[PDB]
Structure formats: structure tokens, C-alpha cells
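Peer 1: give the three-dimensional model of this entry:
(3 chains)
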Amino acid sequence: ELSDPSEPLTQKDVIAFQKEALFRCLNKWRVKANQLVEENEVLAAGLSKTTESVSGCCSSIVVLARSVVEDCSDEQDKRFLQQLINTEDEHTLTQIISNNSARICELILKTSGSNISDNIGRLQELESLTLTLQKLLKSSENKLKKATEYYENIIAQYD
Amino acid sequence: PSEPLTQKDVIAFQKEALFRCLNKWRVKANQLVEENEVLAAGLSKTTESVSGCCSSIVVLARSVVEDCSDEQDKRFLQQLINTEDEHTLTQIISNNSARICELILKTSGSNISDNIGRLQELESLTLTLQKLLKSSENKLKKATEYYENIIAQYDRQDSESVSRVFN
Amino acid sequence: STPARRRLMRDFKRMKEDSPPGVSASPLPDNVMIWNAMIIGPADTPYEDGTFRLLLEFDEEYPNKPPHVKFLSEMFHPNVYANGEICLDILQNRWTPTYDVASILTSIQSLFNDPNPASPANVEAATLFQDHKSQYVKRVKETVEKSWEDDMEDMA
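Peer 2: Numbering: from 1, shown residues only, chains lettered A, B, ... in the order given. Pasting the structure now:
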């Protein structure tokens, strides 16, 4: 704590200003980094809940496949449905289903005796995007809430 | 400690230790940007693959709800079809997969939905949700910059050294 | 006692009595023809809180000749050459005898606030100021942290 406001600056004053200046630069990264830690918790949590949540959608589609392979006419379609049933890896299963959901739906509707609506490949494409953009919207809104809450407690400390 | 907790604490630290603290946080911050970019990308790719798996069940519902026998079942399937929340879907699908599977196989119906009318609705929603995403993402950038700019001013307000130099 | 050496001593009394905000300077205890000067970067400039040291060289033609002024710290600025010399109009051709130490340094200090394009000393700096302001600021923020390590022994 050294000043003399009218007197010219001293070596003791510039070191005390360089130290404080270091802190200001330091706190900028500390704050910027700690919020990025906060986001990684937000991201990592959403990664696990999203992966966990698909187990209901995947298993119920395997159910529909098993009831349909027995009464399938095409052998190419019987093989593809057996691939679904015998994959035994939800991450692989989910990719097989999502990439071939158009084909899969058609096979269940044809075999179980329903009228495959035309324009059904575009129906699934727009349904998956709507659901995705909804999840992405909500996540960025939580990113805003969690970031706002993060900074607000920091401002609260100053006052 | 090893880190200057408060600006008042900086007098006790040498320059070399401060430079070390500065570069450690700079690096941790720059590394977390790389990590968050990669994770955020993986979240959407995971989200796309999960929405693809579930939406195919919603498709199977829409093609059969028109021809359902029970009013108890038409209500249940319309709730399934009209829930724009993927987290809700996954719970509806997982908790009621038995009923849902039975309904798709048993109550097998026709093609009488407005095949072109719902495609148009989903096209306007996708385009809308795309604009709302971009807007909510800029709100994040502007908030990060806003709060960081505010916190930075506090450090200069509470700085006795800046007060000495630029009084 | 010569006209130059006497006028310079007045500038030192100027710096001693009313030193401009963010600036200090002093001649060598054994030579008044060389001064150690230091400019603190003003607020809301990418050169903020930077403690940049300079070196001023005078001859016996002062104040009728502008001193040869060049930086001692690593500087990233479109107006500052790689050898430390500065492209400031006041120094080169706008020299007016009413400029003392105090005004020369705040003038340089003010080059941080709003720089002067079409004076390309560091083309890297001049172009990056127009094309990639982020990368310009990233390089300046580096010269600011590197300025802080000196310990300013030239001030005692």
C-alpha cells in the first residue's frame, strides 16, 4: 500500500500495479475457465441422460421386429431384421435404427397389416429434426440459465 | 495458498508465481473450449441418433391411430404423437412400450392422415426452431461477453493501483 | 548549462511536479541526454495495464529537434517498427517546439487508444487490425503480459 498521488510513480508503485494487473488478467481466465467447467458438467450430464433415455425406444423396436421376422416375405428383409435383433449393443443398435428407420417402419407396417402411408420417409426425417431442435433449444436455454446463475453468484461476491 | 484468492492477496505473491497462475488458467480455459466444442458436437449427434430411434415409433403411431378401436387407446396415442419433448417421449415410450407395441401390431389400420399437411407443418416448425436456436445461441455469447465485461470492471473499480495511476 | 541541457532539466521538473496520468520518465543520473520512460496502457485499449518501457535520445538541438524515441519492450502495433522506433507524425515532420517529455509520451500513449492506418511499420499488426481483430488483440495481450516482467529498476 504505497501511493503519493501528486508525486511521480515509483518502482514500488509499478510493481504493485503489475501485480494487481496480473490478478485482473488472471481472474479473467479463472472466471472464463470455471464457467467452462460448469458447461462440461452440463454437457456430460446431458450426454449420459440422452444415451440412457434411448433404451426405451430401442428395446420396443426390437419387440416389433421379433413379431415380424416370422411372417416376412423377402429374405433380404428377414436378414436385416435379424441384424437388429442380434446386435446386442445399444450404441450400434441405435445407429442401425436411426439410419434405417424409414425401412424399419415400412417392414413393421407391411407385415402387421397396416397401410404404409406414402410420404412416410419425409415424415420420419421431419419428426427426428423437430425432436432434435427441441432438445437443442432447451439445452441452450439451460446453458443460459446455468451461465447466468454462475456469473450472478460471482457478481454477488463483489457487492 | 498457491493461488491469489483476492486482489488484496496479490502483494504476497512474486511475479514468477503469478505468471505461473496466469498461464495455468489460460491453458485450462483454452483446453476446455476445445473440449466443449467436441462434447457439444457429440451431444447433437447423439441427440440426432436418439431422435431417429424414437421418431420411428411416433411414425408407427400416426399410421395406425386413425383406425383404433378404443377411445382409451386413441387418446393415449395422440398424447404420444403430440409431445414435442423428447425427454417426455422416452419416458412415455419406456414406461408404456408393452401397450404401444401391442397397439401397433393389433390395431392395424389405413393411410388416411393428411400426409402432405403434416409435412408442411413440420417444415415450418423445423425452420422456426432453427431460427430460435440461432437466437438463443447468440444470447449465450452476448451473456458470456456481458458478464465477463462487468466482472472485469469490478477488478478495476476495486484496484488501488489503477486508482493511483489514473486518478 | 547549454541551451539544450537546461531546457531538458525543466522537463524533468515538469515530470517531477505534475506527471501525466500513466506516465513517468527521468534522465540517467549521469547523463541528461538519455531518459528512461515508461507508458502504462490506457483503459479500454488492447494495450491495457501494459507497462511498456522506452528510451529517449536527445542531442544539443533540443527542443528544436525531436528526440530519437524508440521502445524497449516487445511491441505489437502498426505504428511501432520492429527496432522500437515509432512512426509518429509529431516526431518526424510535425515537430513543434512546444512538445516536452510529458506531451511526447502521452502522444505515444494515445496511439494505443486509436491507431493510425496507412503507416505500416508492422504489416502483420496493420493488416490484422483490419482483418482479424481477435488475432491482433491476442498478439497485443501477449505483449502486455511480457511487459509486466521488467521490475522497473530504471525508476530508482
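
Peer 1: from here on, just use CA atoms for contacts and neighbour counts.
Peer 2: Noted.

Peer 1: residue A:78: neighbour count?
Peer 2: Close neighbours of residue A:78, defined as other Cα atoms under 10 Å in any protein chain shown, add up to 17.

Peer 1: in space, what's closest to it - neighbours in sequence excluded?
Peer 2: Excluding its sequence neighbours, the residue lying closest to residue A:78 (Cα to Cα, 6 or more residues apart in numbering or on different chains) is residue A:69, at 5.6 Å.

Peer 1: ramachandran coordinates for residue A:17?
Peer 2: When read as degrees, to the nearest 10, the backbone of residue A:17 gives phi -90, psi -30.

Peer 1: ignoring the adjacent residues along the chain, who's closest to it?
Peer 2: residue B:161 (5.0 Å).

Peer 1: tell me how many other residues crowd residue C:147.
Peer 2: Neighbour number of residue C:147 under other Cα under 10 Å is 22.

Peer 1: now do the phi/psi pair for it.
Peer 2: Per degrees, to the nearest 10, the backbone of residue C:147 is at phi -70, psi -30.

Peer 1: how near is it to residue B:51?
Peer 2: 53 Å (Cα to Cα, to the nearest Å).

Peer 1: how about residue A:21?
Peer 2: 49 Å.

Peer 1: check residue C:4 too.
Peer 2: Distance from residue C:4 to residue B:51, by Cα to Cα: 82 Å.

Peer 1: likewise residue C:122?
Peer 2: In terms of Cα to Cα, residue C:122 sits 53 Å off from residue B:51.

Peer 1: after the longest strand seen in chain C, which helix or strand is next?
Peer 2: Secondary structure of chain C per DSSP state E: the longest strand is strand C:31-40. Note on strand C:31-40: by DSSP states H and E, the next helix or strand toward the C-terminus is strand C:51-57.

Peer 1: is there contact, residue-wise, from stretch C:93-110 to chain A?
Peer 2: No - on the criterion Cα under 8 Å from any Cα of the partner chain, stretch C:93-110 is out of touch with chain A, staying 11.7 Å away.

Peer 1: just how off-centre is that stretch within its chain?
Peer 2: Between the mean C-alpha location of stretch C:93-110 and the chain-wide mean there is a distance of 9 Å, by Cα atoms, centre = their mean, to the nearest Å.

Peer 1: what about that stretch, how long is it end to end?
Peer 2: The first-to-last residue distance of stretch C:93-110 comes to 18 Å (Cα to Cα).

Peer 1: what residues sit buried inside it?
Peer 2: Neighbour-count burial for stretch C:93-110, counted by 16 or more other Cα atoms under 10 Å in any protein chain shown, picks out C:95, C:99-102, C:104-109.

Peer 1: okay, the residues you listed in TSV with secondary structure and distance to residue C:88 next?
Peer 2: Listed next are the buried residues of stretch C:93-110 as TSV, based on DSSP: H, G, I helix; E, B strand; the rest coil; distance: Cα to Cα, whole Å:
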residue	secondary structure	distance to residue C:88
C:95	coil	10
C:99	coil	13
C:100	coil	15
C:101	helix	14
C:102	helix	15
C:104	helix	10
C:105	helix	11
C:106	helix	12
C:107	helix	8
C:108	helix	8
C:109	helix	11
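
Peer 1: counting neighbours, what do you get for residue A:18?
Peer 2: Neighbour tally, residue A:18, other Cα under 10 Å: 23.

Peer 1: same question for residue C:67.
Peer 2: Residue C:67: 22 neighbours (other Cα under 10 Å).

Peer 1: residue C:58 is in contact with that one, correct?
Peer 2: Yes - the pair residue C:67 / residue C:58 is scored as a contact, 4.8 Å apart, by Cα atoms under 8 Å.

Peer 1: show me which residues of chain C sit near chain A.
Peer 2: Near chain A, when you scan chain C using Cα under 8 Å from any Cα, you find C:15-19, C:23-24, C:49, C:51, C:145, C:148, C:151-156.

Peer 1: what about 10 Å?
Peer 2: C:15-25, C:38, C:40, C:48-51, C:141, C:144-145, C:147-156 (Cα under 10 Å from any Cα of the partner chain).

Peer 1: mind checking which of these are buried?
Peer 2: C:15-16, C:19-25, C:38, C:40, C:48-51, C:141, C:144-145, C:147-148, C:150-152, C:154-155.

Peer 1: how about residue A:126, what does it touch?
Peer 2: A:120, A:132, B:52, B:55, B:118-123, B:125-126 (Cα atoms under 10 Å, 6 or more residues apart in numbering or on different chains).

Peer 1: residue contacts, residue A:44?
Peer 2: A:50, B:36, B:39-40, B:43.

Peer 1: right, I mislabeled it, should have said residue A:113
Peer 2: Contacts of residue A:113 (Cα under 10 Å, 6+ apart): A:107, B:104-110.

Peer 1: for the residues you listed, which one is nearest chain C?
Peer 2: residue A:107 (54.3 Å; Cα to the nearest Cα).

Peer 1: measure the closest one to residue A:122 for me?
Peer 2: For residue A:107, the distance to residue A:122 - Cα to Cα - is 16 Å.

Peer 1: what does residue C:57 give?
Peer 2: Taking Cα to Cα, one finds residue C:57 at 77 Å from residue A:122.

Peer 1: go on, residue C:106?
Peer 2: 67 Å.

Peer 1: same question, residue A:130
Peer 2: Distance from residue A:130 to residue A:122, by Cα to Cα: 12 Å.

Peer 1: more crowded one of these two?
Peer 2: Shown here are residue A:130 and residue A:122; by other Cα under 10 Å, residue A:130 has more neighbours (25 against 15).

Peer 1: go through the helix or strand harbouring that one and flag the buried ones.
Peer 2: Counting by DSSP H and E, the element that carries residue A:130 is helix A:120-158. Using 16+ other Cα under 10 Å as the test for burial, helix A:120-158 gives A:120-121, A:123-137, A:139-141, A:143-144, A:146-148, A:150-151.
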